[PDB]
*Asks:* 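One structure follows; several queries about it will come next.
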Amino acid sequence: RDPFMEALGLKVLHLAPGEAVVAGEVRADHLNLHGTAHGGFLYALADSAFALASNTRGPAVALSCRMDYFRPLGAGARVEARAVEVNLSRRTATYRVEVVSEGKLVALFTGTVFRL
Amino acid sequence: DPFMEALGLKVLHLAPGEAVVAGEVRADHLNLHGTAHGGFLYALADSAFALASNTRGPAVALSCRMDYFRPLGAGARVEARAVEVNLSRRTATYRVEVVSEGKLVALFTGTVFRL
Amino acid sequence: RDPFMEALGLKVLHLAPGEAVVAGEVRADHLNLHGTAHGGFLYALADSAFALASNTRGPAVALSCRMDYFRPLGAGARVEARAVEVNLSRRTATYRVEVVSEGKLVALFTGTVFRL
Amino acid sequence: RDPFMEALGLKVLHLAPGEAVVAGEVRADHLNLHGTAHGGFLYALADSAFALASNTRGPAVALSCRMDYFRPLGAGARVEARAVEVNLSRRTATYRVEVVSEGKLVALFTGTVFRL
Ligand SMILES: CCCCCC(=O)SCCNC(=O)CCNC(=O)[C@H](O)C(C)(C)COP(=O)(O)OP(=O)(O)OC[C@H]1O[C@@H](n2cnc3c(N)ncnc32)[C@H](O)[C@@H]1OP(=O)(O)O
Ligand SMILES: CCCCCC(=O)SCCNC(=O)CCNC(=O)[C@H](O)C(C)(C)COP(=O)(O)OP(=O)(O)OC[C@H]1O[C@@H](n2cnc3c(N)ncnc32)[C@H](O)[C@@H]1OP(=O)(O)O
Ligand SMILES: [Cl-]
């Protein structure tokens, strides 16, 4: 169980070795002053998939993450983050997470973990 | 800001090209390991980043980096301090330090496209 | 013609709209103190493909780039970087550049440009 | 100075615990196809100061590096990479490297190594 993911209404859809798919919906409480999905909401979603995918290999903590924003989203938008393992080392691992909504690539997340 | 209120974040300081936001790690901000969720610390840093950049005019985030140095438990008071590192016509870059009790918890680097 | 690419012995293997492949070989002058390819060389290779691919869309300048290192390479290693377009906006574009050697992902590069 | 630094004509101006400064000049063979300093040359400069600074703490390997470009440079420009330690832990370290030329912040480099 992940308290923050549930607080944000994010749901784990699928889990597997080095991979995970998390889904959610942009709600009124996830917006910024401009009426669009807060950058922190989209990151949390992708970061959640990243955390889940990396821990399927054992305990791991976030080291460095990059988030590239491409499309703004309004409330009501359905979103999915799919994390895929691009590198797995004895001490670190890196994952690419695509944030997608209605077939559109909303953002691209890249993250590396430190394997405890 | 709906999301900021949702996370219980508060704006402490706002000036030209800078912003300071504070919050506290609550039970609902923890991850599967019982520590502050990376998404919560980023959201905090991202908030200061958005506020600081917007003192220069409307802008949209392009690329952001977050480096985590220390984990935090529930109850920890945390703060995000944003400073402008570069300002141009169409872009701006900010450094945001996430600190808790004098310790650097994480480092955020973000660039925006100025509208 | 790209002077730095030439200085480093990098060759353009392919160039098409929003895409590029650049290849080279790790030489003695590309090594760090440990005897492996300097992070700057690998980055320069990835960056070159990134620059070429992004400019097929029109003059563009780099804004932010990320480089994640997975495997070290020694002199004599053949390496190639494939740049692919992940997002194309009117004012910006983002590319993924896989750096490989013998079918293995040596490094991953992500870069965004400002479209003039 | 490792082989790549020598090839690029880079000089070490300062080296102390957790910090380093590397200087170089943009030569004709350091230019991109646009006639300005190649993004890979500026990064190699930053990456060199980064590598020197991190290894003052002992052997370390680069994991993730970010490079943000702010201003273009022409041939003849004197440039410096000034690296400072922002975090130091048992198994990792992160450094901020400012790339400056003639009093201007040309680029910002952020990088994290894994300490061996
Ligand atoms: C987000 C979803 C869950 C997935 C997991 C996450 O991403 S959770 C949120 C995002 N990520 C994080 O919080 C990771 C933070 N980073 C770290 O903990 C570390 O940098 C690291 C494990 C990657 C590397 O640490 P090292 O192996 O080098 O070991 P080191 O002992 O030097 O630890 C570094 C610093 O963290 C502290 N620290 C480590 N474990 C701690 C703990 N359980 N409780 C309190 N503090 C702790 C140390 O005291 C030190 O702070 P001092 O020097 O001040 O004494
Ligand atoms: C390496 C591959 C080559 C392909 C392109 C690259 O990636 S080259 C290497 C990597 N990238 C860079 O160096 C990117 C540098 N960044 C920039 O030029 C800029 O920040 C930018 C275009 C992204 C955004 O600038 P803005 O749109 O905000 O406008 P702004 O007016 O503030 O920028 C003014 C500065 O840029 C200059 N400038 C303007 N047009 C220029 C041009 N066509 N060629 C060179 N330089 C130019 C001005 O002279 C001044 O430099 P002075 O104050 O010196 O007079
Ligand atoms: Cl990054």
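Order of the sequence lines sets the chain letters (A, B, ...), proteins ahead of strands, with each chain counted from 1.
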*Asks:* Is the number of heavy atoms from other residues, nucleotides or ligands within 6.0 Å of CZ (C:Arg1) greater than 12?
*Replies:* yes
*Asks:* Answer with side chain, backbone, both or neither: which region of D:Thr112 has an atom nearer than 4.5 Å to a non-hydrogen atom of chain C?
*Replies:* neither
*Asks:* Inspect the surroundings of CZ in C:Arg91 and state if more than 12 heavy atoms from other residues, nucleotides or ligands are less than 6.0 Å away.
*Replies:* no
*Asks:* More than 12 heavy atoms of other residues, nucleotides or ligands under 6.0 Å from CZ of C:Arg78: yes or no?
*Replies:* no
*Asks:* Give me the contact list for residues 18-45 of chain C versus chain D, heavy atoms only, anything under 4.5 Å, ordered by residue number.
*Replies:* C:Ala28, C:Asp29, C:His30, C:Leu31, C:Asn32, C:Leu33, C:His34, C:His38, C:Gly39, C:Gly40, C:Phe41, C:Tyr43, C:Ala44
*Asks:* Got a sec: does the NZ of D:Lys104 have more than 12 other heavy atoms crowding it under 6.0 Å?
*Replies:* yes
*Asks:* Pick one of side chain, backbone, both or neither for C:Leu52, based on which atoms fall under 4.5 Å of a heavy atom in chain D.
*Replies:* side chain
*Asks:* Please report the shortest heavy-atom distance between D:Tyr69 and C:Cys65, naming the atom on each side.
*Replies:* CE1-SG, 4.0 Å
*Asks:* With a 4.5 Å limit on heavy-atom distance, are the side chains of D:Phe4 and C:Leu8 in contact?
*Replies:* yes
*Asks:* Does the side chain of C:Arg66 reach to within under 4.5 Å of the side chain of D:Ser64, using non-hydrogen atoms?
*Replies:* yes
